[PDB]
């Protein structure tokens, strides 16, 4: 797709379910079918409150984010702090490490221990000059949810 063979978020431990204060670590990986100039690879990691009305009232009460982390990532084995466009060539994996820590408190709420009131995910964005930005999105799972009516 416009030179792009693959674009994905890969967690270092694909089976890990994350709790309070824990590091979420992974890579954004790009592969191309032909030479292409890349301006940036960015991430947005969010924990978004879901809104759910049941039993005649709002249960998942929604409101504000638990997490919103934005960054521009560095290609593996490039100099730290450097601002440089990348010429991606076929036959190579272009890997960008990321890592963020989750908040110390509860990571969200749950209704009747069945309906999780929060969505966590990582989006990545592939920016290229005079070309539409491409997006990828991957969900991740959390624990440390508390009941909606917890004091």
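Numbering follows the first chain given and starts at 1.
Student: If you average the Cα B factors in the entry, which is higher, 37 to 45 or 114 to 122?
Tutor: For C-alpha atoms only, the mean B-factor is higher in 114 to 122.
Student: Pick between 4 to 12 and 141 to 149: the one whose mean CA B-factor in the entry is higher.
Tutor: It is 141 to 149 that shows the higher mean C-alpha B-factor.
Student: Out of 30, 60, 107, 67, which shows the largest CA B-factor listed in the entry?
Tutor: Result of the comparison over 30, 60, 107, 67: 60.
Student: Could you say whether, by C-alpha temperature factor, residue 26 belongs to the lowest, middle or highest third of its chain?
Tutor: Lowest third.
Student: Mind checking which third residue 54 falls in for C-alpha B-factor across the chain?
Tutor: Highest third.
Student: Residue 136's Cα B-factor: lowest, middle or highest third of the chain?
Tutor: Lowest third - that is where residue 136 ends up once the chain's C-alpha B-factors are sorted.
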